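*Asks:* One structure is given below, represented as structure tokens, and several questions about it will come after.
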Amino acid sequence: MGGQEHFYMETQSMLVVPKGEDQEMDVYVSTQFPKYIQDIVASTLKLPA
Amino acid sequence: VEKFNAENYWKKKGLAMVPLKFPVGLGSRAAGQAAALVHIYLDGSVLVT
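Protein sequence lines correspond, in order, to chains A and B.
Sequence positions in the first sequence follow the UniProt record's numbering and run 745 to 793.
Sequence positions in the second sequence follow the UniProt record's numbering and run 993 to 1041.
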């Protein structure tokens, strides 16, 4: 049995905006799992959640 | 200061002391109500507002 492309009509999209204070990031992203986005971004920046 | 002022015609000193009772409180119980929101993320860090 063959695979299948998701083919969501909106392609992968995000905007990452640093606030400029305390290394605060705001992440606007087309995702199903914000808590996971928060984790991987914080980990990558060595920041608390 | 009394000594100074007896010896100086064109320059005077003065001294004063005032007490303070500053009462604190609003008109009603409802005016003093207050609220907060606290999250603990899974890395243990805290966001408060």
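Note that CB positions come from ideal geometry on N, CA and C, so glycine has one too.
(1) DSSP three-state label for A/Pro778, please.
(2) What does B/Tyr1033 touch in chain A if you count any residue whose Cβ is under 7 Å from its own?
(3) What are the start and end residues of the beta strand (DSSP E) that includes A/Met769?
(4) Taking the alpha carbon of residue 703 of chain A as the reference point, which residue from A/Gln776, A/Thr775 and A/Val771 has its own alpha carbon closest?
(5) Answer with yes or no whether the minimum CB distance from A/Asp783 to chain B is below 9 Å.
*Replies:* By the coordinates alone:
(1) Translated into positions along the first sequence, residue 778 of chain A becomes position 34. Residue state, collapsed to three classes: helix.
(2) As a first step, residue 1033 of chain B is located in the second sequence; it is residue number 41 there, counting from the start. Residues of chain A whose Cβ lies closer than 7 Å to the Cβ of B/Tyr1033 are, in chain order, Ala793.
(3) Translated into the one-based positions of the first sequence, residue 769 of chain A becomes position 25. First-last of the beta strand (DSSP E) with A/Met769: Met769 to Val773.
(4) Residue 703 of chain A cannot be examined here, being either before or after the span of chain A that is shown, 745 to 793.
(5) In the first sequence, counting from the first residue as 1, residue 783 of chain A sits at position 39. Yes, contact with chain B.
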